[PDB]
Every structure is written in C-alpha cells, then in structure tokens.
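Asks: Sharing an experimental structure here, sequence included.
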Amino acid sequence: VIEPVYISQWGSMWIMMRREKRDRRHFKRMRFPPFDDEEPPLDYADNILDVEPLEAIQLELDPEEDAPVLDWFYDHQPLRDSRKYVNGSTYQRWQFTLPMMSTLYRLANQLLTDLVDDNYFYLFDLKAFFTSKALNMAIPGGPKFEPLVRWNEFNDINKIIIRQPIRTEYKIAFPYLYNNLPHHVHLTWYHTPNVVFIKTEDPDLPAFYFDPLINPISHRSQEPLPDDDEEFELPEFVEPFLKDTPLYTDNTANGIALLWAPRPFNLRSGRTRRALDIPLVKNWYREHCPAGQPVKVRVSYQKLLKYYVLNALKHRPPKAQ
Amino acid sequence: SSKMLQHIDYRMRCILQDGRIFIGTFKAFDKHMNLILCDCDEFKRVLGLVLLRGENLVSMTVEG
Amino acid sequence: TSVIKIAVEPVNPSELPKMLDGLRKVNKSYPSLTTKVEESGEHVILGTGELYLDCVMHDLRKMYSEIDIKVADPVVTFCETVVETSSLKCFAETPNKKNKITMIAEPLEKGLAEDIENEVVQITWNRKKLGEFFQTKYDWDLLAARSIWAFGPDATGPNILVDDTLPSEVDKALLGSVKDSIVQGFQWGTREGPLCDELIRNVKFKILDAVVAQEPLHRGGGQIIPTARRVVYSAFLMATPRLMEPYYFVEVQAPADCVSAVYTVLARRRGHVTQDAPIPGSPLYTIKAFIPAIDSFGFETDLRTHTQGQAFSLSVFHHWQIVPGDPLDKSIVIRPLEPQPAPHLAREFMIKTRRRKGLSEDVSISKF
Amino acid sequence: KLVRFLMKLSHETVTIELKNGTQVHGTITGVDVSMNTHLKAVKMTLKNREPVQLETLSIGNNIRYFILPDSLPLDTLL
Amino acid sequence: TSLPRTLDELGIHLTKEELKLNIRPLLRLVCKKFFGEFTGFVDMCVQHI
Amino acid sequence: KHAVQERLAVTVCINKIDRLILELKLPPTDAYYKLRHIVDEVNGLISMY
Amino acid sequence: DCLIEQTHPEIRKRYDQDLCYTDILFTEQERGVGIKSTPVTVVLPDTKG
Amino acid sequence: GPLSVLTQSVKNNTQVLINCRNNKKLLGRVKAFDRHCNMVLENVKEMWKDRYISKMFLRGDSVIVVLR
RNA sequence: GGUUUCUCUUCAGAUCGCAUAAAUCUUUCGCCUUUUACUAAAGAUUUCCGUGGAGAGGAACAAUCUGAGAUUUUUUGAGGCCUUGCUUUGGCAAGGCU
C-alpha cells in the first residue's frame, strides 16, 4: 500500500467511527462465537456468492476540495492502473503530484502530529533512552528497565558543596561529566536550529505575506550610491528572469505546507510499503503523555515506548541469505 | 580600453603609428583606447592635448 | 576564561600515571584547558563550559586513556577582593632584622580593574602618560599617579601597587633599589592569595613606611621578596576581604508563552533579567539575563526541560561580583550537605576550598 | 580559451613580444579581455636596443607573442 | 505545470527523472545549476581579504 | 569584538536565507527591510567596537 | 560541504542527510554539533576564472 | 571547428608546424586554438633558429598558416 | 536505440526492513518441590516475514519510439619598395622611404 493514501484512508475511518459513536443512539455488541458449536461452516456459493455485499464506510469526497483523490480513494488498488503514477501491476513505486499530497495531508490531520522539529524531543529521544537504560536511571515519564550491569573521598561531605541537585536530566545530558563508569552510553543530539514555520489558514492571504504573529522589525546613516540616471541606464531587452511569471499560486502555499509535512507526506515519489510494515499510531505514543491521564494509560505509554526502545536497540543489519 | 582609470592622473608615454613617443598627462580616453593626453611632449616637440587611438598606440608605459 | 573547576581521580593508583599521560594528551589537544595537581594529590581541571568539559572527559575516557576515571562535582573558582582599607599600618621585616616595610591594602575603583585587565592602561606607557590617564578620567592625584609601581598578580593584573612614602622618600634611591624585589613580592602575594589560595583583585596596595637599611646586600639577596610577600599577606588580612564570584550572562531564544516559566526557573536559580525583548522580524523573544556561575550548572538543561526544548539558552562568563556572605566569620555554622543561606555562603565556600587541598583554618596573624 | 588562460595566469611572470619588437618580460599585473593589458616590473627590451624596467606598462593588439611560464597544467585550462 | 517553462526561461535543460525528484534535493540542484559554482565568496575573500 | 581586537579584515555572509522564504513567507520589501536592518546593526556594532 | 561539492567531483551530499566534511571526530557526529575547528586548503576560481 | 579540432589532435599526437604571420615557423604541440585563432602552443621550437618556447600564445591576425 | 511483467541465476556489504518477531546456546535474575512452560537483561548465534543491485530466459503490449547529428581602431591588408652586413638566394642583420 502507498503510505499517505493508507494513512489518509485510516484518518477518514477514524473520523467516521468518531461520527458513528457520536451519532448512533444504541450500539449493539456482537455475539462470540458468531456460529454455534453445532453450526457448520457454510458454503460460499449457497450463502455468500449469490448475495450482494452491503455498504462499506466510504465518506463522500468533495468534487471541489478533494478533487484529485475523488475517484480512486476507496479502491483496493487505487492507482495501479495509472502508468503516470505507478510502474504497473506490481504496485511498487509511486510518483505523484502536489495537490493530491495537499489533499491527503489535509485529510490525514487526525492521525498526524503537529510537531515540526526534534527539539521538542530534547531528552525524550532514543539516544537518551539508551543512555537511561545503560546507566540505570529513568525519567518519571520515561520507561524503566533492568540494571545492565546486573570508599571514595569524592563522597566526602567536607569536600562537596550542595546548591542545586544534580538530577537525572543532567547526568543523561552529560554522562562523562556526571556519571562515573559511563559504559555503552549513547550521546544525544544537541540543539538543532528551531523551526519557526508560519502556518496559513486561508488561501486569501498571499504566499509572501507579513504575518502579524511575527514581531515587527521596527528598523531604524546613508548608503554608497552612484549617480542617479546620469550614468548606466539599462539597455533594451534586459529584464528580471521571471517578470512574466506571476508571483504565487494557491498551491504554492500548499507546497510550502507540504515541505513541513511529516515523513510519509513530504514526498513526491517513493516505494509502497506493507500495511503490516506501516505503524500508523507510532507518533501517538512517541509523543509525551497528555494532561488529565489516569495511571493505566501512562503505564501503557511507558510499556509501549519500552518495547519500542527494545526493538530499536535490537536491530541488526541483515545478512545476504 | 580599460587602462584609462590607472593613468587618469599620472603621466603616460605612448608611441603612435608615426614612431613618435609622447609623454603627457592623460585626462580622458575613449572606449576604443583613444586617449586624450593633455600636455603631451613627443620625443623633441609638443603635441598638446593629443588623442592617440588604440590602433595607433602600439606601445605604452606609465611615465609619471 | 577557564573558570569551571572539577576534581578528577583514577580508580587504580597503578593506572594513575596512565591518566596523567592522558591528562597531558588532553591539555595538549585543548587550548583553553587547564590541568593542575594540588597539595592533596587531587587533579583540578579548569575549563570553560560543561559541554566542553564533558567532551574533554569523554576524549580522556575513550581515546587518551582506557581507564575508567572518577569525576567529582563541578564547581567554579573565585577571586579575592576587599571592602574597607587595612585598619592597621602593618609591617614586616627581613630575616636580618634591618629592613622594615609598612603597607596597607585598600579597595580599588570601578573601571580600573577592567581597564588593566583589558590593557587600556599599561606600565609600558610613560609615567606621565599613565598619570594623564589616571588624572583625566579617574581624577587621581599626580603624586598618587606617579606612585604606581606594578599591576596585579601577572602582567597587567587588577591590583595597583601605590608607593607614596614621604617618610621613606629620604631614602628613595634605596627604595628604588628594593622596588623590583617589592614588585616580585607583591606579584607573588597577589598570585597566591592568603584567603583560600585565589588571585587577589581590585586592591590598591598603598605603601606607608619603608624602614630599610642602606645597601641590604646579603639580606637583599633573596629575603626582600618573602618579606614583601609577608607584607602583602599581612596587609590583606585586616583589610576585611571578601570572596569574588564570577557571574554568567545568559541569552535565551524563547517562544513568548513560557516567559513566566523562564522567570520561575530564574527565581529558582537566583537569576535576574537584564532585558527581555521580542526579536525584530521573528515571532520569538530574546531574554538577556544574569545568573550566578554556581547556579548556572545546567540552567539551559532545566529551561529546555521546563519548556520542552523550545526555549534555548546560551551562557557565557561575563564578569565578577562579590559574594554577599562573609568568609572570615568564625561564628557561622556550616552544614556539610545542606545548602547554606546567602550570609553563610562565602563561609562554606572558603571552608570547603581550604579543606580541598590544604589546612581548613585561617589565622589573621599567621604572618603578622 | 586562451584569453581565459591568460586571465587565470595573469599574476605570474611572462614575456610579451610585440609586433614592433618590444619584448616586455615581467610579472603580469592584470590581463583584460583585449590585448591591452597591464604588467608589473617588465623589462621591455626594445628592437635591437637595451631594456627599460617599467613598473606599469599597458598595451591595441600589437602584442603578438606571449611566452608563458610553467604555472599552467594541461587540465588547468581544458 | 510551468517548471520546464521556467527551466527554458533560465536556459536550463533537465531530464524527467530530475523533475520526478523530491522537492528539497531538486531545489538544491536547481539552485546549483542556476548559480553555478561559488565565485562571489572567492571574490569576497580575494578582493576584500 | 575579538576580530576588532585581533585586527583582521571581516566580511559577512548571510546564511539560511531560505528561512525567510519557505519558513517565514516574508514580503520582499519586509525581507529587504530585515536584511538592511541586519546590515545597519552590524555597521553600528563595528562603529562602537 | 558546498565548496567540497564544487571542487571534489565525486563527493556529493546525500538526499536524506546533511553530511559534515569538516567535523571528523566521531563525537561531533554523536552530539550533532561542531566541536573542533578544521583547516582546508583548496584552489578556488572567481567570476573571472 | 572540426578541422581545428583535428589539427589540435594532430598537434597533441605529433609535432605540428605552424608558420605564423610574424615569420615564426613553430614545430611542436599546439595545445589549443580559438575562434579568433588565439593559438596556445605547448613546448614548440619556433624559428623566427628554432628556439624552444614552453608555452607561446599568438593572435589570429599574427598567425598565417598551420600544418600537421 | 521499446515498455510492462514473470521466472531463474548472482551480489545484498544501505534504516538491505523510516518495519519488527521468534528460536537455540552462554549467563545473571524474577518465579520456584520438580519437568516443560517460566520472568527481563546481557553475550553468543540463528530462523522466519520482507528488501536492494546486476544478469539471463519467457510472455503481452509499444512496435516505431528514443537518441545522436569583410572590409571602419585591438583577430585580417600600410600594402609595396630599395640599399649596406649576409647572400644562409624562402630573403636575412642596418638606412632613407610613401
């Protein structure tokens, strides 16, 4: 399956199951087992092949707003026929157009995150979790593990001044500075430059527009200028390169937003993946815990992240075979 | 054609197609290396403000 | 300035020379690194910042030594200044009891310490040029300006050796003969420092009397310099000195929502905002602030933890300020692990520094 | 091509032999697009006469031959 | 739509697989082919350093 | 400040100009104003150091 | 890295990652920050070649 | 064009003799030519006596004829 | 100077896999009458579901397509001509020449 198509399809499915519990007055739960122990396996031709299937979930798509994905969004093979999009019937590599990624990126807003950089994951990253397991201290929001390993005059009270506590975050961030015997420690990334990305609401605003959320410049000694129109008037047929080209399109800001779209949504071409091989809600537990949570979902976050760190740690480069 | 700014104040000596070499203060020049050199003395006479063309100036040097 | 101080120690005393070879390797490979061995056998490293020193210790633990080496707590280093003048016209004399030197230590002015440290004024100038510098903008007397002999613990350090002696101007040829040895005694005294072995700064050392025998010779051949050191130490003792703490300047690129949270972490770490402004042409804010260097240990880490890494701070050594506590109050109770309050801070700082390498106690009449 | 190679090697010492026989050998100050180029410390030997050491000599296409130094590889301008 | 039109307006010829690339390395290649090599920095550090 | 003390010829390149464009979406007049203010503050800092 | 991509013909930056040519210690790659300064000697052409 | 490229290839593979208009018959490797016949010759002995010049640049007005 | 697709062979050294399981063994544990079945950490290997590059064969559709291919400044007439030195006979080393 193609990853943004599959993700936007499941975001739509999420929207209609939200609608179905929010709109159905009385849901009826299903019997288990659906057949009795005396009920035999029925014949497909006698029961199912001769009858018509009922309706699937299948939201109506906008002819105006969901225009490129309007036809093939609910196919098992959406664009396998189209040679301009895929290689053919193997359904291996997809090569696409910007407005359908804009439409799918708009449609998949429920499952997708809103973060723009890894600076949100300051010490909540995989290198920090490897450091936390290898040195056997943990964040209260972070998962816990087994100990990996299982008099000093530096511990003299008359040579130690205590002003601020040297907590977990400090020893994680500077392990050679703070943790004696640092073994198998994975150093974290430092501060990337912060993404300050303007997000537009309406296409009425231009793609080169001063956002009032940006603080104003308030800019405040002469310039080395030549003689004004006394020498070097420009000749005939000299012009800016794209003077004939217009300034911006409505899909220009869509492509600007698609640049800061996440990893399955900032791509024009790629390979299709197995739907077992695509983890859809990985971002939902790869973020922090939200507010108002009970104990059980935070333990759920910690255990899911714990096995995610274990799977990331036990990755090996595969052999030839 | 581009040596006028280096000798816009200093004196230069250039040899014309006649073989006469004149040293004088180049005050102005044209785009085809036709340099008007004021107070030009040819090696002995005086040519005044002499516009020596680029094809005429086979050899030249900075005298002043 | 390499101001952060860390003690370091190998687990194995058999592998103690190997980490010493690695210490020469990291001191060779790093320009601003300072490696020292104290009287207690401890190895004190002075560095710029915590990330820099963690990189140095990582290089030592991985490449330059294969030995696992214990690391103590990071602290800072201080200087020594004074508040009031020396209340006694205090003296010492040579081991051959002929040359008697009397001198007092007093606080310096505001811009003089940073001017000498930035070499705005030099001893390489003319004495009249130095007097014009001290008389135009610092409004000194010309006699006090021509009385200036030497600057601080090193080349152009922030102590001013004023030699204005009308009782000893009757033998000013002998005074100029012993002037150089007085200069090395003053340089050695301000280099060592008798409080907790820190460098002496912002002190004007005014000489009052010099009862020196004519042509000391045998007692002038290496005895004036410890006599002048005793004079500097003894004049520093009753001059009510204070410890002198470096401060750190912090510049913060922050989103505008968590500004009160940054203020809360500043209240937690005793920091005060110089100025907060929005960035011109950017929606974020820049916060300029000042913090104690002791409280600056991972203020960036705590701020990124509180602001989820959105607020990013960078700090530098900026300047020095006095510690508000008193170092020489023997009546101050000090707990060895509880964080002391602000009047008890400097007392704890001098006790632990004196316990770190030498004798813990301090005597105000140890020399004189 | 050759003008680009002269502009690239217009700092080294070369000899420019004019059509009048004046051979100016010295360091190149700057090579223009045309043959009028400025040289530095050129010992301009005259036609069957002595040399004159000119610190600034600007050349018209009278300069015919150009004996270039060895500061030019085969793929330096290729 | 108008990217090969812009390419011909800049006088740049590119293949179809370069137009089928993702946006950031394609934009890096477009800016590299537009500005050539780095020469303003060379003039910056020769004429003024 | 250290270049003023070390007395070396300093030229300035303005990097990451795409953050004004793709990431900030500035008007060309406002981007020119920001760059001119950057040049003005660098010139003022050179004046006062 | 852009100057190395200009000069060295076979050395190109990958699409996913930004390479760091001067950062040659492994600690710089681990931390994701420049640590130790690096000299490079190269032949560079200007606009005039 | 193609004839100049063939003459440059013959000069690279052999000793080409170019007799310029300044009476300079140079036998050697002509490194490059031009559209204005700005010819650069690498290690060519020119007779004005075949004195060897390591790199000689000549103009098309000052050149007359070439040969392989 | 086709494409799609299928099969086989070969190299898989890239996150071969923007995914992730299991097994054995060497051990530490948790549990603990004992046997599998156990708990979670490490080391040592493996297996499975996938994967990339190359080549061959086959099939169906393009059936070509796709490439490659002047006078007027400074890059062409200021062109001719003579004597002495040398003729080294293509004219050369010096002078007055238009």
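Replies: That came in fine, so what should we check first? Residues are numbered from 1 along each chain as shown, chains lettered A, B, ... in the order given.

Asks: Nearest residue to the residue of the stretch 1-150 of chain A found nearest chain C in space, please, no chain neighbours.
Replies: Of all residues in the stretch 1-150 of chain A, residue A:122 sits closest to chain C, at 3.3 Å by C-beta to the nearest C-beta. Yep, even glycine has a C-beta here, placed from its N, CA and C like the rest. Spatial nearest neighbour of residue A:122, chain neighbours left out: residue C:309 (3.3 Å); criterion: C-beta to C-beta, 6 or more residues apart in numbering or on different chains.

Asks: and the one you found, how many neighbours does it have?
Replies: When neighbours are defined as other C-beta atoms under 10 Å in any protein chain shown, residue C:309 has 21 of them.

Asks: Just want the most central residue of chain F.
Replies: The residue lying closest to the centre of chain F (C-alpha atoms, centre = their mean) is residue F:38, at 3.7 Å.

Asks: Can you tell me, leaving aside adjacent residues, what's nearest to it?
Replies: residue F:14 (6.9 Å).

Asks: how many other residues sit next to that neighbour?
Replies: 10.

Asks: Check the contact between it and residue F:34; I expect there is one.
Replies: No - counting by C-beta atoms under 8 Å, residue F:14 does not reach residue F:34; the two are 10.2 Å apart.

Asks: Which element, helix or strand, includes the residue nearest to residue F:38?
Replies: Using DSSP states H and E, residue F:14 falls within no helix or strand.

Asks: Distance-wise, check it relative to chain E.
Replies: Distance, residue F:14 to chain E, by C-beta to the nearest C-beta, to the nearest Å: 12 Å.

Asks: do residue A:22 as well
Replies: For residue A:22, the distance to chain E equals 38 Å [C-beta to the nearest C-beta].

Asks: separation between that residue and chain F?
Replies: Distance, residue A:22 to chain F, using C-beta to the nearest C-beta: 37 Å.

Asks: Around that residue, how many other residues sit close by?
Replies: When neighbours are counted by other C-beta under 10 Å, residue A:22 registers 7.

Asks: Helix or strand: which one has it?
Replies: Here residue A:22 is assigned to helix A:3-23, by DSSP H and E.

Asks: and that helix, what does it pack onto?
Replies: helix A:98-107 (3 or more C-beta pairs under 8 Å, 6 or more residues apart in numbering or on different chains; DSSP states H and E).

Asks: How far does the helix or strand following the helix it packs on sit from its chain's centre?
Replies: Using DSSP H and E, the next helix or strand after helix A:98-107 towards the C-terminus is helix A:126-135. Going by C-alpha atoms, centre = their mean, to the nearest Å, the spacing between the C-alpha centre of helix A:126-135 and its chain's C-alpha centre is 23 Å.

Asks: and what of stretch A:22-39?
Replies: 36 Å.

Asks: I figured residue A:152 was touching residue C:70, is that so?
Replies: Yes - with contacts counted by C-beta under 8 Å, residue A:152 reaches residue C:70, the gap being 6.5 Å.

Asks: neighbour-wise, which of the two wins?
Replies: Using other C-beta under 10 Å as the criterion, residue A:152 and residue C:70 rank with residue C:70 on top: 15 against 10.

Asks: pretty sure that one is in contact with residue A:154, am I right?
Replies: Yes - counting by C-beta under 8 Å, residue C:70 does reach residue A:154; the two are 5.9 Å apart.

Asks: Mutual contacts of the two, please.
Replies: Applying C-beta atoms under 8 Å, 6 or more residues apart in numbering or on different chains, one finds that residue C:70 and residue A:154 are jointly contacted by residue C:9.

Asks: returning to that earlier point: go through the helix holding residue A:22 and flag the buried ones.
Replies: By neighbour count on 16 or more other C-beta atoms under 10 Å in any protein chain shown, the buried set for helix A:3-23 is A:3, A:4, A:5, A:6, A:7, A:8, A:9, A:10, A:11, A:12, A:13, A:15.

Asks: export those residues to TSV and tack on distance to RNA strand I?
Replies: Converted to TSV, these look like this (distance: C-beta to the nearest atom of the strand, whole Å):
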residue	distance to RNA strand I
A:3	8
A:4	12
A:5	15
A:6	11
A:7	10
A:8	15
A:9	16
A:10	13
A:11	15
A:12	19
A:13	18
A:15	21
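
Asks: Give me the distance between the residue nearest to residue F:38 and residue F:48.
Replies: Remark: distance between residue F:14 and residue F:48 (C-beta to C-beta, to the nearest Å) = 21 Å.

Asks: give me the residue from chain C nearest RNA strand I.
Replies: residue C:68 (17.4 Å; C-beta to the nearest atom of the strand).

Asks: hmm, I was thinking of chain E
Replies: residue E:15 (8.7 Å).

Asks: From residue E:29, how far off is that residue?
Replies: In terms of C-beta to C-beta, residue E:15 sits 11 Å off from residue E:29.

Asks: Have a look at these two and say which one is more surrounded.
Replies: For residue E:15 and residue E:29, the more surrounded residue by other C-beta under 10 Å is residue E:29, and the numbers stand at 14 against 7.

Asks: Quick one: the strands in chain H, in order.
Replies: Secondary structure of chain H, counting by DSSP state E: strands at H:16-19, H:25-32, H:39-47, H:50-58, H:65-67.

Asks: JSON lines for those strands, including mean neighbour count and distance to residue D:4?
Replies: Shown next, in JSON lines, are these (neighbours: other C-beta atoms under 10 Å in any protein chain shown; distance: least, C-beta to C-beta, whole Å):
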{"stretch": "strand H:16-19", "mean neighbour count": "21", "distance to residue D:4": "21"}
{"stretch": "strand H:25-32", "mean neighbour count": "21", "distance to residue D:4": "10"}
{"stretch": "strand H:39-47", "mean neighbour count": "21", "distance to residue D:4": "11"}
{"stretch": "strand H:50-58", "mean neighbour count": "19", "distance to residue D:4": "12"}
{"stretch": "strand H:65-67", "mean neighbour count": "14", "distance to residue D:4": "22"}
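
Asks: quick one, helices of the chain?
Replies: Just so you know, I chose chain A. For chain A, the helices defined by DSSP state H cover A:3-23, A:44-47, A:98-107, A:126-135, A:168-173, A:175-178, A:250-259, A:282-286, A:295-313.

Asks: oops, chain G please
Replies: Ranges of helices within chain G are G:2-7, G:26-31, based on DSSP H.

Asks: Say whether chain E is contacted by the first one.
Replies: The one in question is helix G:2-7. Yes - for helix G:2-7, a contact with chain E is found by C-beta under 8 Å from any C-beta of the partner chain, at G:2, G:3, G:5, G:6.

Asks: Can you say which helix or strand has residue D:64 in it?
Replies: Short version, using DSSP H and E: residue D:64 is in strand D:63-67.

Asks: and that strand, how far from the chain's centre?
Replies: With C-alpha atoms, centre = their mean, you get 7 Å for strand D:63-67.

Asks: quick check: angle from it to strand H:50-58?
Replies: Relative orientation of strand D:63-67 and strand H:50-58, computed by axes from the mean of the first three to the mean of the last three C-alpha atoms, to 10 degrees: 120 degrees.

Asks: just to revisit the earlier point, could the strands of chain H go into JSON lines alongside distance to residue A:197?
Replies: As requested, those are arranged in JSON lines below (distance: least, C-beta to C-beta, whole Å):
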{"stretch": "strand H:16-19", "distance to residue A:197": "64"}
{"stretch": "strand H:25-32", "distance to residue A:197": "52"}
{"stretch": "strand H:39-47", "distance to residue A:197": "54"}
{"stretch": "strand H:50-58", "distance to residue A:197": "56"}
{"stretch": "strand H:65-67", "distance to residue A:197": "64"}
